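In what follows, a single structure is set out as structure tokens and then discussed.
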Amino acid sequence: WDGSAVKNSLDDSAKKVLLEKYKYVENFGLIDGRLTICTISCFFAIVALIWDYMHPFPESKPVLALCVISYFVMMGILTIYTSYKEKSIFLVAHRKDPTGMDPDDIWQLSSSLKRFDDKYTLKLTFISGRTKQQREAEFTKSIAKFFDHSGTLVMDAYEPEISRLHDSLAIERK
Amino acid sequence: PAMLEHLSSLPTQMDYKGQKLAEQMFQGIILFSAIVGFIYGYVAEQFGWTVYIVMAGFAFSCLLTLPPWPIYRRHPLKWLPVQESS
Amino acid sequence: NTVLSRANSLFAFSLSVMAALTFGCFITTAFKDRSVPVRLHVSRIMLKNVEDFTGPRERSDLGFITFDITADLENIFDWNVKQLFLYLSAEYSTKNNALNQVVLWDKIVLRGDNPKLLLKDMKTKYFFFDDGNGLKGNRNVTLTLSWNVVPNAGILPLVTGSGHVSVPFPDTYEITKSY
Amino acid sequence: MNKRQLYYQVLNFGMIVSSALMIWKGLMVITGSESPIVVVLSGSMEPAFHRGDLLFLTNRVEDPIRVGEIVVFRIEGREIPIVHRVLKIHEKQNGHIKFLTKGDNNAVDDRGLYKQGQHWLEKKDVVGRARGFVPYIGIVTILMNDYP
Ligand SMILES: *[C@@H]1O[C@H](CO)[C@@H](O[C@@H]2O[C@H](CO)[C@@H](O[C@@H]3O[C@H](CO[C@H]4O[C@H](CO)[C@@H](O)[C@H](O)[C@@H]4O)[C@@H](O)[C@H](O[C@H]4O[C@H](CO)[C@@H](O)[C@H](O)[C@@H]4O)[C@@H]3O)[C@H](O)[C@H]2NC(C)=O)[C@H](O)[C@H]1NC(C)=O
């Protein structure tokens, strides 16, 4: 019923047509940073829990207070980290055989759909290292006109956007 | 193909701004019942009247929430632009 | 099936009305920070039979307390108060640096039972127990009325009303003849 | 390996259980002594204090004990936190506190702690002092605790 179903299904279809047509290697690492912060948080949480289970409380007050204040400010910087880096950008892919060339011309892509509104937005940008400059393409559309409750979310009705994408990539990479 | 359109085939096939104004009316009648509740608790000077007004407002919200609104279901495209058929 | 929309709506409105009632209840208990005291007036005092109870448990001292009360509660009733409670602060000192206190009585007062609280010569069935029998030789005992209430969902303060009665005590005399 | 499902599983599971347990620990720290937030279950207090109430807890941060106050403490014969009312105080200004205690609506003391010659409450046999109570969530949490 919510929009998140068609959001992540269209994101999975976009990654599928990306890997099926453009042949670029997807990567990550902000997810690895989330692994880092969650594993470190669970590390000192379980250490504090075992240390409070094995030892009485009034000799264990002050450094436990320091640990929970450290966790509170760590969750605060995690919240502003999320709100400053992970708004809607969901995938990053790198190219194949950079023989003698610097690892540049890399694209980020994001899908924007606000709270209960019929305005889908597809924003994809790329850093081109020829002039060290970013170019962003934007789509302000809606997809739910033609198909019905059966869910015809097929490539055979959405291919002109991918056609615009690959011939724009052709005229931008010459 | 058709092996993934089974469970993820239900978005909201309804209006948007109609439910926007509807939820505006829901929050409006909730805040109206709340403000008349605490001013009648300030006037009548006992808490059971405030309890009765809050429970009556919750019952009115349930009686305005549970109904299907069949006309809205019949015409989601009454305000939304008309979708096409596959 | 299609009742998941109604399920999400009932979660949303249930948390909405729960948040609304919680905001209402701590805004309700927020603005009543000030409290008002009560008044105490005791006409006379009667003090009898302060005896040295040589018992098998300890060799302590026993005594009886009898007095009168006149008070008023027409300026103590609030909007969220539920129960009115009594306790008697009867503080004195002994020779072994022991500051003792014995409570006397209490009443389960509900709002609407008694508009005027005044009655004479009551008898408290609670045993006035001396700890280390040093009351025989004391020169003053004092009394001050206090009270306690409960709100609907708030905090528990104690507000002691102003007013104290100071009564002396003779040196060595068993069955005390008081007027 | 299992990247995404284990990722979101450890994310939401560790977030919920760690956050809940350590805000509980933060309340434990901020209440001075150990002092968990408790629920009432007494039956002799019902004309004075009803059944199924949450109770917070303050402690000895720069304040001595007074009279006319609820006091919660251990029952070591059953190892149960039980609250009563204070009725007697007996102190000396050198570091030992021994006094009597007795609940409401009863002519019976709080038996089971010590013998008849000794005072009932020592200064180390105490949990603290509850400032606040919530009168609606307690019935819900005791019906949750009574459910297998
Ligand atoms: C009756 O017996 C007492 C002691 O046996 C004699 O001493 C005076 O008692 C009065 C009260 O009855 C005292 O007044 C109050 O004193 C409080 C602190 O004193 C305590 O500690 C001393 C230590 O020796 C005890 O003697 C004393 O009884 C108390 O236990 C103050 O905290 C009080 O202040 C309150 O009121 C003010 C407003 O006035 C508020 O601002 C405060 O916050 C607080 O609420 C109060 O001052 C008095 O201090 C005692 N001493 C003297 C020298 O007077 C009495 O003399 C005796 N009376 C008779 C007639 O025999």
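Heads up: the protein sequence lines correspond to chains C, D, B and A, in order.
If you're matching positions, the first sequence starts at 51 in the authors' numbering and goes up one per residue.
If you're matching positions, the second sequence starts at 66 in the authors' numbering and goes up one per residue.
If you're matching positions, the third sequence starts at 2 in the authors' numbering and goes up one per residue.
If you're matching positions, the fourth sequence starts at 13 in the authors' numbering and goes up one per residue.
Idealized CB from N, CA, C, for every residue including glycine.
Would you kindly work out how many angstroms separate the C-alpha atoms of residue 7 of chain A and A:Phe111, rounded to a whole number?
-> Given that chain A is displayed from residue 13 to residue 160, the structure contains no residue 7 of chain A and the question cannot be resolved.
Could you give the C-beta distance for C:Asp102 and C:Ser91, rounded to a whole number, given that I count them as a contact under 8 Å?
-> With a Cβ gap of about 16 Å, C:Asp102 and C:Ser91 do not count as contacting.
Looking only at DSSP bridge pairs, what is B:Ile66 linked to?
-> B:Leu48
So is the beta-carbon of B:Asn141 under 6 Å away from any non-hydrogen atom of ligand 1?
-> yes
Near-chain A residues of the region 79-103 of chain B - C-beta to any C-beta below 8 Å | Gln84, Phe86, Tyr88, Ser90, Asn97, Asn98, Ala99, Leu100, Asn101, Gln102 and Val103
Residue interval of the beta strand (DSSP E) (run including A:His108) = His108 to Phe111
Complete beta strand (DSSP E) runs within the region 100-169 of chain B (minimum length 3 residues, chain order) = 100-103, 117-120, 142-151 and 159-168
Residues of chain A with a CB under 7 Å from the CB of B:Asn2: which are they?
-> Those within 7 Å of B:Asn2 in chain A number zero; the least Cβ separation is about 26 Å.
Mind listing the chain C neighbours of A:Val22? Cutoff is C-beta to C-beta under 7 Å, in chain order.
-> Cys88
Would you say the region 62-80 of chain B touches the region 39-52 of chain A, given that touching needs at least three Cβ pairs under 8 Å?
-> no
Between C:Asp147 and C:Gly179, is the Cβ-Cβ spacing less than 7 Å?
-> no
Those runs of the beta strand (DSSP E) which lie wholly inside the region 53-94 of chain C and span at least 3 residues | 75-77
Verify the contact flag: B:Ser167, CB atom, against every heavy atom of ligand 1, threshold strictly below 6 Å.
-> yes
In chain order, what residues of the same chain lie with their CB nearer than 6 Å to the CB of B:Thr125, ignoring the 5 residues before and after it?
-> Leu105 and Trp106
Spell out whether any CB of chain D is found under 7 Å from the CB atom of B:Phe14.
-> yes
Neighbour list for D:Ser126 in chain B, Cβ cutoff strictly below 9 Å = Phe14, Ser17 and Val18
Three or more beta-carbon pairs under 8 Å between the region 143-160 of chain A and the region 78-97 of chain A, yes or no?
-> no
Along the alpha helix (DSSP H) that carries C:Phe122, what are the first and last residues, could you check?
-> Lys111 to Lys135
From C:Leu80 to B:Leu11, what does the alpha carbon distance come to, in whole angstroms?
-> 36 Å
For the candidate residues A:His62, A:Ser54, A:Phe68 and A:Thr113, whose alpha-carbon lies nearest to that of A:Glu46?
-> A:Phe68
Can you tell me whether B:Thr29 is buried or exposed, with buried defined as 16 or more other CB within 10 angstroms of its CB?
-> buried
Whose Cβ in chain B lies nearer than 7 Å to the Cβ of D:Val119?
-> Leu22
If we count Cβ pairs, one from each stretch, closer than 8 Å, do we get three or more for the region 132-152 of chain B versus the region 43-62 of chain B?
-> yes
By the criterion of Cβ-Cβ separation under 7 Å, what are the contact partners of A:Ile42 in chain B?
-> By Cβ distance, chain B contributes nothing, its closest Cβ being about 16 Å from A:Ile42, past 7 Å.
At a cut of 8 Å, does the region 113-122 of chain B reach the region 126-146 of chain A through at least three beta carbon pairs?
-> no
Helix, strand or coil at A:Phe25 [DSSP, three-state] = helix
Give the DSSP-derived three-state secondary structure of A:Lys100 in the structure shown.
-> strand
Would you tell me roughly how many angstroms separate the C-alpha atoms of C:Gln158 and D:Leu128, rounded to the nearest one?
-> 48 Å
At a Cβ threshold of 7 Å, is C:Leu141 touching chain A?
-> no
At least one CB of chain D closer than 7 Å to the CB of B:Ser10: is that the case?
-> yes
Closest by C-alpha distance to B:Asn115, when choosing among B:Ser94, B:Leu85, B:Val142 and B:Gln102 | B:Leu85
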